[PDB]
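The chain below stands alone and is given in structure tokens; this is the form deposited in one PDB entry.
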């Protein structure tokens, strides 16, 4: 039971109980359990959940006759999707050009450069909006370049509808809540549609810091915006208490999941809350979030622009 390619060693990620951070691991006289379960999407080829949509988008574009050998793929990305696409591009014989905001971490730049991706740096003030606009123009100018367009490509949502969701349901049939970051919206749209088909009364909860064409607000039951200090606090808590060295979006997710769990606890409801760990902490070390005390980390955040 083995692989012929790194591309097959993707998905089927572990789901791990957070016995210490869970509001109440054990059912007892105070009330039923309120458990958190972490889906470890860092156990993927390039260490993030984006391997799932990146590979599916390329393979869907290949099946649709859109890609020839030595073709250039052009993608607007804040990093993880670019890295995933860079890895798949190396394996499959394509060139990759990423359009990224200029204020992305040094680690993301390093990984992209190592895989041989080229980078266009669009204005920080314009964010993902300007990155996308810039990629669109370049793609119009260069019709042979293939823009997969993670923000609107249904193979993104499909990768979660066919992978993340089925896996979660098999590991956690008692699931009551799924919590994840809301970026491209692929994870929540695909996983959330799958869960809603299969599980009566399941709740689909977004955490977050133009509107992607993938987004359907009807799939979400709740949406929470999380500040940088709370995301950092939670990220640190996760590695200190549960030994899971996660990226900062996972702290945002954990903040949201702990808010949901506190709500279940107060209502004496049973809850089994799955949350996405989208990547590990390696690419975020240069932020200072993991060093020293929380006091130090909060101080280190002053002046940073992500």
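Numbering follows the first chain given and starts at 1. Think of the rigid core as the biggest set of C-alphas that the two forms share within 1.5 Å after superposition.
What comes next is about the form deposited in another entry, which is not displayed.
Shift analysis on the rigid core between this form and the one not shown singles out 121 from 224, 115, 149, 121 (C-alpha displacement of 2 Å or more). The rigid-core alignment places the CA of residue 293 2 Å or more apart between this form and the one not shown. Core-superposed comparison between this form and the one not shown: CA of residue 197 displaced by less than 2 Å. In a rigid-core overlay of the protein, residue 97 has its C-alpha displaced by under 2 Å between this form and the one not shown.
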